[PDB]
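Residue numbers (this note's numbering), protein chains in the order written: chain G, 1483 to 1637; chain D, 349 to 408; chain F, 477 to 556; chain H, 43 to 169; chain B, 511 to 588; chain R, 7 to 208. C-beta atoms are modelled at their ideal positions from N, C-alpha and C, and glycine is treated no differently. Reviewing the structure listed below.
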Amino acid sequence: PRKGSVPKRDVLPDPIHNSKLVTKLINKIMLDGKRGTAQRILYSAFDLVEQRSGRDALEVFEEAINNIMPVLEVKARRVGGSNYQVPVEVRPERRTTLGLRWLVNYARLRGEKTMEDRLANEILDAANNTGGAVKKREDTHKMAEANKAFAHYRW
Amino acid sequence: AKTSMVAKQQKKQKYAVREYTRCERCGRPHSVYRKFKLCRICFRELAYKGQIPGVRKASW
Amino acid sequence: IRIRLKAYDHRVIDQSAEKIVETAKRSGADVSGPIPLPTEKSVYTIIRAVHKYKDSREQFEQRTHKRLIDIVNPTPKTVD
Amino acid sequence: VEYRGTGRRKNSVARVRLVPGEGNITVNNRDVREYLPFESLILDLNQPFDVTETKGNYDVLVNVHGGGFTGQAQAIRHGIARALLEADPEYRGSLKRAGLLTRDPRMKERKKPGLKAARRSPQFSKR
Amino acid sequence: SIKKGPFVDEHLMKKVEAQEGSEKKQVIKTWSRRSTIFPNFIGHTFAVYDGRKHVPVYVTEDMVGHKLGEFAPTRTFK
Amino acid sequence: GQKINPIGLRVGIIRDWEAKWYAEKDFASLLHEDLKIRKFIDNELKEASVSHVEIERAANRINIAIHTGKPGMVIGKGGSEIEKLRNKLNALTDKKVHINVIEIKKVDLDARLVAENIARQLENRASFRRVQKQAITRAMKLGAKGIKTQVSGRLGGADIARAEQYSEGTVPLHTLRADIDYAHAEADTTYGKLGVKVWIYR
RNA sequence: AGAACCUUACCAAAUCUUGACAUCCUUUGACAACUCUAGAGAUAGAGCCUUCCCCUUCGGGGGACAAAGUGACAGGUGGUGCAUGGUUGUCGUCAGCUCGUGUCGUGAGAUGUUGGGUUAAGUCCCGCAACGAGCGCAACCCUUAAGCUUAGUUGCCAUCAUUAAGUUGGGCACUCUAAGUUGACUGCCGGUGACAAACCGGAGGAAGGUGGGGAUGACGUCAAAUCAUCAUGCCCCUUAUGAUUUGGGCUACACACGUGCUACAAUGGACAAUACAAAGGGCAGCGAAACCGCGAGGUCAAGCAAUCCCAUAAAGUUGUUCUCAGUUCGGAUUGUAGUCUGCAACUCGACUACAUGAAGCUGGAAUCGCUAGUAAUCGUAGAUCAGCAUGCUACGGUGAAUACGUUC
Ligand SMILES: [Mg+2]
Ligand SMILES: [Mg+2]
Ligand SMILES: [Mg+2]
Ligand SMILES: [Mg+2]
Ligand SMILES: [Mg+2]
Ligand SMILES: [Mg+2]
Ligand SMILES: [Mg+2]
Ligand SMILES: [Mg+2]
Ligand SMILES: [Mg+2]
C-alpha cells in the first residue's frame, strides 16, 4: 500500500489463561478454518506440560517465548548504487508476530507421532535452551550482528 | 442446411424422445430455454427494448 | 375468501390493492389491511457475446410481487 | 426493567428479555454451557457484563434463531446490550468507551460472475 | 441390463425362427448391431456393420448371454 | 469499448414496458403469440410513421395500441383499412380487439421515424452528410436538447468501411434519469448493407 | 447452459431431384390419423369416411388436409469478418479525450488542458490571451447496514392453557419477519492551511469521511473474433457442393501442454449416537408418512404454492476405537450379480454391494491466486435435461496471518 498505515484493530481475549499473547498462537496452529479443533488440542498440550516439565506452563511460557525471541532482521537494501544487506532491529510490535511461527513450523517436524505431544516439546525444551527452534534464532541472530556492515542505510 | 431441419422438427418422426427444442425467431439448437423457447443471443435483443415482460436489468 | 394478487410491477399492485380495499371498505365489510407476501425473483445469467468469448456475462431477473386480501363478511354490498 | 433486545450477527437474528435477579442465561428451553458446541469462551459473550461493572444483574432466558452456531452466537452478546441500555439509559456514554454496543461490519458477499470465490480470480497460464 | 426379455430385435427373430428349417446357409443381411443371442441359433454368419462392412461373424457356442452383436469392431488403432 | 443500447438499462425506473399482461403457464406459447404478431404491423402498414406497438392482454380480451404518428392514411377511408386488419389479424387465433392509434405532433422529436426519415434517403443515394445534418438541425429548431446520429457501413462508393458520427448538443449516457430515446435502422440498396443509429434527448 | 439414436453440419450404403421446404398454377378427393404386405427404415401398395366449409336457391371467396404435372424456380452449417451491418474480447473503472469563438505562428501547430496546493480522479480552488461548452470521473439506480408510521392467516406465541407438538384454539398481537417511508454531508465541529480548496483530530446518530459490493466501459487501437445465431454485397453448386432414412463418427492412440478434482495420513481414519442455515424449484411435476429390498430402489399413496414436498445440510461438539504402517492411508484398475431412464446402454451413459485393491511419503528448473467475512475447508440449490457434470453461474457455515516501506 503506497497509501499509509492500514489500521491494525485486531483483538485476542482468552477463556482461562488470562493472556492476550496466548490467543495468538491459537490463531496460527488453526489451519483450514477449524477453530473447533485448536484449543481442544492446545489446552490438552498445556495441561500435559506440568506432567512433562517441572512447573505450570504459565511461568514457563514467557520464558519459552523469551528464549525463542528473535533479535535482529536482515532486510536487504540496494544502497546508493550498490547491492548488499543491512541489519535492522525489529520494532517491538512486529517481533512477537515474527516470533511465534517457529513454534508451529517445527511442531510439524518433530516425529513424536502425537501432535499434542510433538508440539509441546518446544515449550518444554524452550525455557531450557538448545531446543528445536532456538537453533534458527541463534543462526539468524548472528546473521549481521557479527556480520556488521553498512549500518547507515535507510530501509 | 438448417431450413430442412426446422421442416423436420415441427413434424414427428415417430419415437417418443427423438425430438428436441429449437429457438423461436432464430434457429439455434443449443442453449435454448423453456420459459421462453428463445435462445441465448436471440433472447437478448428481445429482452432489450422493453418488449418482453418481467425483465429489469440486473445487480441484485 | 382470501383473494390473491400477483403482478410484475410493484406500484401497480399496491394501487390495485388499495383499489380493491377501497371498493370493499366503501361498503360494509370488515376487511383486513392488505398483506405483503414476500416477492420472489428468478435469475437468468447469460453470455453477452455471439462467439466463444466466455467469462464476460451478465444476468437478468424477473420479480413477481404477491399481495393477499381476505374478507370474512359476505354482504350484498360486497359481492363482486 | 428490560425487554426486546434484538441482536444481529451474520444472518442470525436473536430476540431476548431481561428479568431481574441474578445472571442465568438460557436459550430455547435448554442450557447454554452445553449448547454452544465448541465455544469454550461462553464467558466472552457475557463480557459486556464484565465491563458494565456488574455481573449478576439480571436473568435473560433468551431466544435465538437461524445462522450457524457462533454466527448464531455472538449476537446474544449484541442483543443484551440494547435491552441492557434500555434497562438504564446511562450506559451509552459508559458502554461505548470500549466500543461495544452496535456494529454490523460484515456479511458474505456476491460471487462475482466468471470468478470462483467472490474475490479470487482463476489462474491464467503463461506468457 | 434389466429383467423382462433381453430385447432381440423382432424382425431378426422373424428371420431366424423360420429360417432354421432345412440345411441351407444364407445368413443375415442385417446391420442391426443391437440384439442379443437367443439360444435357438443355428450355424450361420451375420453382417453386423453398416458403414462399410458385412463381417461374417461366427454364431459358435460362445458366451451367448451378451446383449450385443459386438463381435464386429468399428475402427483400427495402428 | 461497447456502448450498450440505452433502452436496455432504462426500463423499470423511468420508462415502463411494452406488455403489461401477466401469465403463469401459457407464457411459452403466448410469448410466441405476441412475438408472432409484432412484425405484422411493420410489414402490413409498411411504416406509416409507425414507432412501436403496445401489447396488453386481459384473458380473451386483447388490446394493442400503435402510436404511428400519422392518422388518416393509417385508418383507411374513414374506417375501412382499420377493420381490414382487424379482420386480418383476427385470423391469428382469436384476437384483434380494440386497436387504436395515438397521433404524434412535433414529428421529428422521436427517434424511430427520424431514423426511417434518414434511412430512406441514403438508400436512394442522397449524399449522406446532407442526409444527417438536416435531421440534426431540425431537432434544435424544434426545441430538442441533444441528438447524435451515426452512419457506419461503407459510406459512398468506397471499399473500406468507416463510421462517421456527426453529433452535437448534449447527449448523456451515464445518467439514468433522462429518457434517452434510441433508434436503429439497417437499410442499404444495391451496394451492400449499412447501419444507422440515432440518439435523441427529450 | 447436456454427442447413445435425435442432435449432426462428417463419411460409408439405399434413396428423390417443382423437392423434405415458402409462394402462386389448374380441378378438388381431407388424412397414410389407423389394419395388413415387403424392407432396417425412409418409402414402396392395397383396405376410408375416399370427407369436409359459410351461404347462396344449383350455386364461389377456396378456408381445409393437401392432392396434378408444369413454370417462376427453390435449397447451400459452400467459399470472406482484409467487401460489410448488427454483437463482443481487450489496453482499463484506467482519467483522460475534444470542439466553438478569439489570439500568437509565413505553418505543421500552441495556448484553452500549462505554473501553487489538494483529491481516487482534467475532482477541487488560487494565478495567467483566453472565455466557455461537450463526451468522461462524482451523483443519480439496484443490494446490504439501524428506527417510526402502514398492514397482519398460514408471520409469532410471552404475558394466559391441553398441546405427543398440528401452534388446535386466544383471536393474542409485540418480537424478528415479509414490501411501502425519515434522515450523511466534511454538518456547528478543535487545529492551521492564512482566509485556498482541503488535510490530520475530537461528538452523539448503528453509522467515516465516494459506509460495503454490483450494474454503468470516453475518444480510440488490435484489417482482434464471428458468413456456423440471424441479416448479408459478390462468386460458385443446379436429376447434386441440395433431400430422407438406417448405421458408423465427433470419445479413436507411443505421445506434448492447459485447466479442474481426489489423495499421500494420527489437529488423521472407522464406528454407532448427537445440534444450528441461506437461496431455490415443484398443477402429470415435487412427493411425504407407514411399507418390501445389502443399497442402487419397487409398489401403492394423502397433501400442493411463506403454509405442502424434495429437504437429514455438512464441517464441529461429547464418546468408543485403530497407535505412526505401501499400512483398518487411498479406490486407480478388473470380472460377476442388479437398478433406472429409454424403442433400445456393444461402439458410448449413471448408481449400488462382492472381492480385487495399483500410483503415491507434501513433489527440479520455474510459476500463479488473494488485503477481513477476504483466500482457504466441507457442504446447499439451480439452469441445461427422459436418463446421464469434478464444469458452470448463484447461497450460507466455520475463518486466521500479514502491508514499516517505493529501492528494484
Ligand atoms: Mg497518500
Ligand atoms: Mg438458408
Ligand atoms: Mg420491539
Ligand atoms: Mg450505499
Ligand atoms: Mg459503492
Ligand atoms: Mg458512474
Ligand atoms: Mg452462404
Ligand atoms: Mg469434442
Ligand atoms: Mg425428511
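Taking only beta carbons into account, state which residues of the region 11–24 of chain R come closer than 8 Å to chain D, listed in chain order.
11, 13, 14, 15, 17, 18, 21, 22, 23, 24
Does the beta carbon of residue 533(F) sit closer than 7 Å to a beta carbon anywhere in chain H?
yes
Can you check DSSP and say which residues form a bridge with residue 518(F)?
538(F)
Is there a Cβ of chain H sitting closer than 7 Å to that of residue 1489(G), yes or no?
no
DSSP three-state label for residue 408(D), please.
coil
Go through its chain and collect everything with a Cβ distance to residue 114(R)'s Cβ below 6 Å, but skip five positions before and after it.
120, 144
Mind checking if residue 156(H) is an interface residue toward chain F, Cβ cutoff 7 Å exclusive?
yes
Distance cutoff 7 Å, beta carbons only. Does residue 1495(G) sit that close to anything in chain H?
yes
Identify the residues that DSSP records as bridge partners of residue 544(F): which are they?
480(F), 511(F)
Buried or exposed: residue 494(F), going by 16 or more other Cβ atoms within 10 Å of its Cβ?
exposed
DSSP three-state assignment for residue 22(R), whether helix, strand or coil:
coil
Beta carbon of residue 76(R), beta carbon of residue 55(R): below 7 Å?
yes
Return the residues of the region 76–92 of chain H that lie within a Cβ-Cβ distance of less than 9 Å from chain G, sorted by chain order.
79, 80, 81, 82, 83, 84, 85, 86, 89
Just mark residue 85(H) as buried or exposed, buried being the case when its beta carbon has 16 or more other beta carbons within 10 Å.
exposed
Short CB-CB distance (under 7 Å) between residue 398(D) and chain F:
no
Give every residue of the same chain whose Cβ lies closer than 6 Å to the Cβ of residue 128(H), excluding the five residues on either side of it in the sequence, and list them in chain order.
44
Between which residues of its own chain and residue 36(R) is the CB-CB distance below 7 Å, once the five residues before and five after are set aside?
29
Going by DSSP, which residues form a beta bridge with residue 45(H)?
59(H)
Residues sharing a beta bridge with residue 1554(G), DSSP:
1571(G)
Short CB-CB distance (under 7 Å) between residue 516(F) and chain D
no
Can you tell me the Cα-Cα spacing of residue 163(R) and residue 198(R), whole angstroms?
11 Å
Inspect the beta-carbon positions of residue 1604(G) and residue 1585(G) and report whether they are closer than 7 Å.
yes
Between which two residues does the alpha helix (DSSP H) containing residue 501(F) stretch?
487–501
With 7 Å as the threshold, decide whether the Cβ of residue 365(D) is near any Cβ in chain F.
no
Less than 7 Å between CB atoms is the rule here; does residue 1515(G) satisfy it with respect to chain H?
no
Counting only the same chain and skipping the five closest in sequence on each side, list residues whose C-beta sits under 7 Å from that of residue 1581(G).
1547, 1550, 1551, 1552
Starting from residue 524(B), follow the alpha helix (DSSP H) in both directions and report where the run begins and ends.
520–529
Express the C-alpha separation of residue 103(H) and residue 63(H) in angstroms, rounding to a whole number.
12 Å
Just to confirm the assignment, what range does the beta strand (DSSP E) spanning residue 206(R) have?
201–206
For a cutoff of 7 Å on Cβ pairs, would you count residue 526(F) as touching chain D?
yes
Round the Cβ separation of residue 50(H) and residue 146(H) to the nearest angstrom and send it over; I've been treating them as touching at under 8 Å.
6 Å
So, is the C-beta of residue 384(D) closer than 7 Å to a C-beta in chain R?
yes
Below 9 Å between beta carbons is the criterion; list the residues of the region 481–496 of chain F that meet it against any residue of chain R, in chain order.
482, 483, 484, 485, 488
Distance between beta carbons of residue 103(R) and residue 69(R), contact taken as under 8 Å:
7 Å
Alpha carbon to alpha carbon, what distance is there between residue 533(B) and residue 553(B)?
10 Å
Keeping to the same chain, check which residues put their C-beta closer than 7 Å to that of residue 479(F); ignore five residues upstream and five downstream.
545
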